[PDB]
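Written below as structure tokens is the structure these notes are about.
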Amino acid sequence: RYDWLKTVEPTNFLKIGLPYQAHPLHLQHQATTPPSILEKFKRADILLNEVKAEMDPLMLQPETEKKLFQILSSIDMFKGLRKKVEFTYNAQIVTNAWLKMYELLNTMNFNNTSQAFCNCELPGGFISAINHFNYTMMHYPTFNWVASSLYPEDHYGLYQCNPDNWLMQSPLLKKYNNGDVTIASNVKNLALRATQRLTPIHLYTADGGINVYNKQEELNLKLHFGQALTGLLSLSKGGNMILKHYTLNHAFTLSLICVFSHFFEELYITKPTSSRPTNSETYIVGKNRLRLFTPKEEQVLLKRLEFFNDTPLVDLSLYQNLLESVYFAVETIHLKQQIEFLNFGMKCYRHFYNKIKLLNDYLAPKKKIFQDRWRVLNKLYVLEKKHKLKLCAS
């Protein structure tokens with residue numbers, strides 16, 4: 001039977017709340033003995049990489065490599081939704097970043113989305129989604145925003161047409177901020193520029209990621225640490241935050257969420273449905289910033305980034321409550337949902353590597369059900385022309 005195909009259900013928005021930390025934040029100066037729960041997080045890393053490694057045999061030959069990627073395309077239930085959203089509602093730059101940001105705004109109930117700093121942003125899905133949301137949903141009289149990104153990629157001309165808004169610089173001005181957020185001076189400067197050009201900043205987002213599958217979190221630690229530092233250097237009190245992450249298993253990643261827990265009224269690890277359930281992408285969301293860094297906290301963290309190493313930022317043993325809730329996040333998102341969708345894909349591969357139109361025929365009705373549900377859950381209205389962003393490419 002192909003009844004397993006017939007019984008597929010939509011996924012849900014997965015949202016795991018985290019406890020805010022009462023005690024004063026003490027930025028660690030010395031390596032400390034790891035809490036026992038880190039051994040649990042390391043078990044999660046090994047197993048998730050075990051299921052990820054299952055596709056290794058198919059990658060060796062280019063022939064099966066192509067069938068594998070066809071199969072993975074075939075089982076993406078949202079494939080047609082970008083083009084649909086784009087035509088129906090005059091939405092611009094409707095990449096997958098657009099859907100993910102739009103779903104985040106419709107679900108997380110932010111107090112304000114009106115003064116946006118979007119870092120590591122190009123091609124520009126996040127700013128566009130927020131621009132669409134702010135004009136059709138929130139009706140802010142005018143929406144000011146700044147952005148930055150590592151210099152190229154601008155696919156829609158959002159950078160070239162809005163030089164007022166972008167804080168990165170061209171290689172011509174190699175004198176200088178190229179937008180690389182792994183560089184400490186670039187981070188402090190990026191935050192300085194954003195606060196000068198636009199204040200308060202009510203919403204910070206960062207959507208960066210290197211790629212090439214076992215060290216993806218390890219390889220992205222420095223990029224994300226600066227992603228975080230940029231936002232936490234610029235975000236006004238009462239502001240909100242959205243950071244893209246991956247597997248959340250490294251003790252530095254866990255130490256970093258521990259820092260977050262001191263600065264927002266609420267904190268949630270999320271996986272929106274428009275984020276592919278087969279990958280490890282996650283979104284750390286903080287609502288309502290309680291306080292800014294103290295001058296010492298600025299110095300310590302920026303030095304941390306300047307001479308980087310994977311020692312935890314804090315004493316993890318002081319966050320037993322928070323680490324358990326993070327583990328519940330990994331279990332739900334990674335060990336349960338992601339592993340299930342990888343097994344589903346391999347099963348689809350084994351029964352349909354040679355029957356691609358057939359697998360697409362079965363899932364066609366389910367794809368329409370899923371994409372319609374998304375549109376029902378995150379209501380969209382048409383974006384008036386006078387509020388489109390000025391683009392420089394088609």
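Ligands are numbered from 1 in the order shown, chains are lettered A, B, ... in the order of the structure tokens, and residues start at 1 in each chain.
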
Q | Surrounding residues of residue 142 of chain A excluding itself and chain neighbours under 5 positions, 10 Å, only C-alpha atoms, as number ranges by chain | A | A: 114-115, 131, 134-135, 387

Q: Excluding segment 54-66 of chain A and any residue of its chain fewer than 6 positions from it, enumerate the residues within 10 Å of it, using only C-alpha atoms, and give them as a VMD selection string.
A: chain A and resid 72 342 to 343 345 to 346 349 353

Just to be explicit: take each residue in the selection above, keep C-alpha atoms, and write the result as a short mmCIF file (atom, residue, chain, number, x, y, z; two decimals), in the first residue's frame.
data_model
loop_
_atom_site.label_atom_id
_atom_site.label_comp_id
_atom_site.auth_asym_id
_atom_site.auth_seq_id
_atom_site.Cartn_x
_atom_site.Cartn_y
_atom_site.Cartn_z
CA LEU A 72 13.40 15.80 -1.91
CA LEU A 342 14.29 12.34 6.64
CA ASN A 343 13.10 8.74 7.07
CA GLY A 345 12.21 10.99 2.23
CA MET A 346 14.47 7.94 2.12
CA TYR A 349 13.37 7.43 -2.54
CA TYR A 353 13.51 6.85 -7.32
#

Q. If you count only C-alpha atoms, which residues fall within 9 Å of residue 78 of chain A, apart from same-chain ones fewer than 4 positions away, as a PyMOL selection string?
A. chain A and resi 82+274+276+367-368+370-371

(Q) Applying 8 Å and only C-alpha atoms, which residues near residue 379 of chain A remain after dropping the ones on its own chain fewer than 3 positions away? List them as an MDAnalysis selection string. (A) chainID A and resid 106 375:376

Serialized selection, N, CA and C atoms, as an mmCIF file, in the first residue's frame:
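Dumped to out_28.cif:
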data_model
loop_
_atom_site.group_PDB
_atom_site.id
_atom_site.type_symbol
_atom_site.label_atom_id
_atom_site.label_comp_id
_atom_site.auth_asym_id
_atom_site.auth_seq_id
_atom_site.Cartn_x
_atom_site.Cartn_y
_atom_site.Cartn_z
ATOM 1 N N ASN A 106 2.881 36.507 11.823
ATOM 2 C CA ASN A 106 1.484 36.175 12.071
ATOM 3 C C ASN A 106 1.297 35.322 13.318
ATOM 4 N N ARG A 375 -2.144 29.656 4.020
ATOM 5 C CA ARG A 375 -2.751 30.938 3.687
ATOM 6 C C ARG A 375 -3.917 31.262 4.610
ATOM 7 N N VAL A 376 -4.628 30.241 5.088
ATOM 8 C CA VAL A 376 -5.715 30.463 6.033
ATOM 9 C C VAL A 376 -5.163 30.848 7.404
#

Q: Could you check which of A:97, A:300, A:194, A:184 is closest to residue 223 of chain A, using only C-alpha atoms?
A: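 Of A:97, A:300, A:194, A:184, the one nearest residue 223 of chain A is A:184, counting only C-alpha atoms.
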
**Q.** Distance of atom CA of residue 90 of chain A from atom CA of residue 385 of chain A, expressed in Å to one decimal place
**A.**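 Computing it gives 7.8 Å between the two atoms.
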
(Q) Could you check the closest approach to residue 361 of chain A for each of A:167, A:83, A:265, A:6 and tell me which residue wins, using only C-alpha atoms? (A)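 Nearest to residue 361 of chain A: A:6.
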